[PDB]
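Student: An experimental structure, sequence included, is below.
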Amino acid sequence: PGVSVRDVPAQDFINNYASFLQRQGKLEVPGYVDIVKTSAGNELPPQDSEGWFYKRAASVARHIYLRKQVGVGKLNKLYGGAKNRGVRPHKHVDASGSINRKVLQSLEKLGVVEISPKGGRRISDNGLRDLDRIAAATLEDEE
Amino acid sequence: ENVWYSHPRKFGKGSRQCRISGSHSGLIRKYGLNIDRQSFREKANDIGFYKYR
Amino acid sequence: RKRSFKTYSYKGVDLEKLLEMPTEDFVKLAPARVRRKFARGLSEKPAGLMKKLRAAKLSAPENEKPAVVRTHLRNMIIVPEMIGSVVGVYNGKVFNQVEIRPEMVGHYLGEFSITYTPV
Amino acid sequence: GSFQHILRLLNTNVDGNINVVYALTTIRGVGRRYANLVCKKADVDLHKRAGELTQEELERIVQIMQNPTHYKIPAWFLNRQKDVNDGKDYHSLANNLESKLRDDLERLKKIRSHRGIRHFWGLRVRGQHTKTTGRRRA
Amino acid sequence: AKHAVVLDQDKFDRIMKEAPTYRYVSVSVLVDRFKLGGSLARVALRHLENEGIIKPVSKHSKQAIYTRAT
RNA sequence: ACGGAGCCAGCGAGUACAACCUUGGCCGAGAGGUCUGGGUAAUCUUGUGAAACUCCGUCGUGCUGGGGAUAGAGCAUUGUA
């Protein structure tokens, strides 16, 4: 057949990936969990509280798969959104850098992300295995 | 001759100036022109600017 | 007998030390504005003024107020070396007197005069 | 059900039902993101109404309200910091806070500064143009 | 506050009594009777989807239509 | 409205005698610190993956979690200030 990541829907892909990590609990935790705003502009903290990081780390991994090499500053700009800066028009500014950096640092040691040339972070050989296994698992859930 | 006869004028509106006379208001600094907006309409086609649309 | 009122100061313990801690020790114990300002080079800022304030207390007539050290430089912060002497703040219409105290610490000279005549 | 409605906490009112955070916001000092930070230490559901609680949770919270640096807070989610000569930080979250600000406002009036002079008359302090704003005054 | 939001065990008896056999079942419908106002109606409706009882039509947040299980 | 998840444009602009735009990597709950570049520019910033939107959850018709004004303390940055 043709087992790839694109057959599985993008929103439904992360649900199987999140539960996969919480069984092991070996993706590592930084220390800033639930002492967190999430972005530079966001009144309420995370509603999920527990889990949470495993949803974030899964969505970072799948975006590193599709593209050549993703960085810290771009991920902050991608996740980040609108504000409410008093009685002015709503602007756009980057999200939390410390959360998205320790995703990339921790996933290196677990065995997903690799150090690429020029600049950014590409995928390892063993990283492509775990992405496809969960994609194959999600294919079994649908079919 | 006297000691104090200047201010740190490396920025702002006072230091910057046009080429013709030296007006400190309505200064075009785009593309390093330094010609104020009254005289730019006079010398538009000589430089090469035209009102196409 | 020991405590008369309370310590007049910045943030924490006691007054006594402030009289003998010139500028560098005072800058450590301060907010973001004074630290960032004093980190940069102060040339002819505490050079001309402090020679008068110290010399005025030598010329003073014992226990009474020293002479008034008039100031155009009203951007200066009240460091604790000259707690006792008077300073003349320039609005435009005459150098207005301001008596320095250990209460009035961590503030500018200009705010104890005001340049508009109503209120 | 219906276990207690007011329900005091450091003299101020904490209304029954509603929620954990939004009932605690009634205190003159606690807000919409501090009570969540305080609830995180004790670990209680925001889903619940919160007026109907166990007795130990109220007393555990009040200890965290009084003492900042002892319990798990970074020490930069505090209301007030730095007072007197050379030393430490502390805050308050009750009728202590409203009384503290009145005493702290007197410090500005005693030293007599550009703010303290403006607070006497009831005019705008933060460099605004008063050619429009607030046509009523107090 | 117009009442009917506070959690009572006496009401939880009467929710299961009036649950079965109805055309319209939603967050829009239950609040008209002065039941658990607002969000606690959504939690009450979430119970009735677990063990059959009332089956769904739409599955959106803010538009949650249900119909009785024939 | 408040959370995650999904994730798409086009007009422009930009230093070498100055201090311009500045990805990638570490420090930081932020703002911003720093090491490095690349770019005199369909070559590097840059695909300027910008918003509103999409879709599941949290609140639900109470000046309310809507709304953000007045206020106080400190941590940053640009500057002789």
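Tutor: Received the coordinates, thanks. Numbers count the residues shown, from 1 in each chain, chains lettered A, B, ... in the order given.
Student: How about residue E:44, nearest residue that isn't a chain neighbour?
Tutor: residue E:36 (5.4 Å; CB to CB, 6 or more residues apart in numbering or on different chains). In short, each C-beta sits where N, CA and C put it, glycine included.
Student: surely that neighbour meets residue E:5?
Tutor: Yes - judged on CB atoms under 8 Å, residue E:36 makes contact with residue E:5 at a distance of 6.7 Å.
Student: Between those two, which is the more surrounded one?
Tutor: Higher neighbour count among residue E:36 and residue E:5: residue E:36, with 22 against 17, using other CB atoms under 10 Å in any protein chain shown.
Student: Now the most centrally placed residue in chain A: which helix or strand?
Tutor: Taking CA atoms, centre = their mean, the centroid of chain A lies closest to residue A:60, which sits 2.7 Å from it. Element membership for residue A:60 (DSSP states H and E) is helix A:53-66.
Student: Is there any residue in that helix that contacts RNA strand F?
Tutor: Yes - using CB under 7 Å from any atom of the strand, helix A:53-66 comes into contact with RNA strand F via A:55-56, A:59, A:62-63.
Student: going on from that helix, what's the next piece of helix or strand?
Tutor: Next element after helix A:53-66 (DSSP H and E): helix A:72-79.
Student: Buried residues of that following helix, list them for me.
Tutor: Residues A:72, A:75-76, A:79 are the ones in helix A:72-79 that count as buried (16 or more other CB atoms under 10 Å in any protein chain shown).
Student: Now residue 4. Nearest residue, chain neighbours left out?
Tutor: Answering for chain A, as no chain was given. residue A:135 (7.1 Å).
Student: Can you look at chain D instead?
Tutor: residue D:16 is the one closest to residue D:4 (CB to CB, 6+ apart), at 6.2 Å.
Student: So residue C:107 sits against residue D:115, correct?
Tutor: No - here residue C:107 does not reach residue D:115: they are 10.2 Å apart, not a contact under CB under 8 Å.
Student: which ones are touching residue B:38?
Tutor: Residue B:38 makes contacts with residue B:26, as judged by CB atoms under 8 Å, 6 or more residues apart in numbering or on different chains.
Student: just checking, what packs against the helix or strand hosting residue D:103?
Tutor: Applying DSSP H and E as the criterion places residue D:103 in helix D:95-111. Counting contacts by 3 or more CB pairs under 8 Å, 6 or more residues apart in numbering or on different chains; DSSP states H and E, helix D:95-111 is packed against helix D:114-121.
Student: ok and the helix it packs on relative to helix D:95-111, angle-wise?
Tutor: Relative orientation of helix D:114-121 versus helix D:95-111 (axes from the mean of the first three to the mean of the last three CA atoms, to 10 degrees): 110 degrees.
Student: residue contacts, the residue nearest to the centre of chain A?
Tutor: By CB under 8 Å, 6+ apart, residue A:60 lies in contact with A:70, A:75, A:100, A:103-104, A:107.
Student: Show the buried residues in those residues.
Tutor: A:70, A:75, A:100, A:103-104, A:107.
Student: Also near chain D: which of the residues you listed, exactly?
Tutor: Filtering the buried ones among the contacts of residue A:60 for neighbours of chain D using CB under 8 Å from any CB of the partner chain leaves an empty set.
Student: From these, pick the one nearest chain D.
Tutor: residue A:100 (19.9 Å; CB to the nearest CB).
Student: okay but that closest one is in contact with residue A:76, surely?
Tutor: Yes - the criterion here is CB under 8 Å, and residue A:100 meets it with residue A:76 at 5.8 Å.
Student: Looking at chain E, which residue is nearest RNA strand F?
Tutor: For chain E, the residue closest to RNA strand F is residue E:38, as judged by CB to the nearest atom of the strand, at 2.7 Å.
Student: count of neighbours near that residue?
Tutor: 10.
Student: give the contact list for residue D:73.
Tutor: residue D:37.
Student: for it, helix, strand, or coil?
Tutor: Taking DSSP: H, G, I helix; E, B strand; the rest coil as the rule, one finds residue D:73 in the coil state.
Student: if I look at it, how far off is chain E?
Tutor: 30 Å (CB to the nearest CB, to the nearest Å).
Student: Now the residue nearest the centre of chain B: phi and psi?
Tutor: A centroid search over chain B (CA atoms, centre = their mean) returns residue B:18, at 2.7 Å, as the residue closest to the centre. As for residue B:18, its main-chain torsions (degrees, to the nearest 10) stand at phi -90, psi 170.
Student: residue contacts, the most centrally placed residue in chain E?
Tutor: Nearest to the mean C-alpha position of chain E, counting by CA atoms, centre = their mean, stands residue E:45 at 3.9 Å. Shown in contact with residue E:45 (CB under 8 Å, 6+ apart): E:25-27, E:30, E:64, E:66.
Student: Which strand or helix spans it?
Tutor: Per DSSP H and E: residue E:45 is located in helix E:39-48.
Student: which SS class is residue C:56?
Tutor: Under three-state DSSP, residue C:56 comes out as helix.
Student: For chain A, just list every one of the helices.
Tutor: Using DSSP state H, the helices of chain A run over A:10-24, A:53-66, A:72-79, A:97-110, A:125-142.
Student: And for chain D?
Tutor: With DSSP H, the ranges of helices along chain D come out as D:21-24, D:34-42, D:55-66, D:95-111, D:114-121.
Student: Of all those helices, which one is nearest residue A:131?
Tutor: Among the helices of chain D, helix D:34-42 comes nearest to residue A:131, with 33.5 Å by CB to CB.
Student: ok, of the residues of helix A:53-66 next to RNA strand F, which one's closest to residue C:27?
Tutor: Once CB to CB is applied, the member of those that ends up nearest residue C:27 is residue A:56, at 42.5 Å.
Student: got the contact list for the closest residue to that closest one other than its chain neighbours?
Tutor: Using CB to CB, 6+ apart and skipping residues adjacent in sequence, the residue nearest residue A:56 is residue A:103, 6.2 Å away. Contact analysis of residue A:103 by CB under 8 Å, 6+ apart lists A:53, A:56-57, A:60.
Student: that older thread, from what I can see the residue nearest to the centre of chain B touches residue B:37, true?
Tutor: No - Residue B:18 is beyond contact range of residue B:37, at 9.9 Å (criterion: CB under 8 Å).
Student: Name the residues contacting each of those two.
Tutor: Shared contacts of residue B:18 and residue B:37 (CB under 8 Å, 6+ apart): residue B:27.
Student: Phi, psi for the residue with the largest distance to the centre of chain A please.
Tutor: Relative to the centre of chain A, the most outlying C-alpha is that of residue A:87, 33.2 Å out, by CA atoms, centre = their mean. Note on residue A:87: backbone dihedrals following degrees, to the nearest 10 are phi -100, psi 60.
Student: can you tell me how far it sits from chain D?
Tutor: Relative to chain D, and taking CB to the nearest CB, residue A:87 is found at 13 Å.
Student: re the thing from before, please list which of the buried ones among the contacts of residue A:60 are also close to RNA strand F.
Tutor: Filtering the buried ones among the contacts of residue A:60 for neighbours of RNA strand F using CB under 7 Å from any atom of the strand leaves A:70, A:75, A:104.
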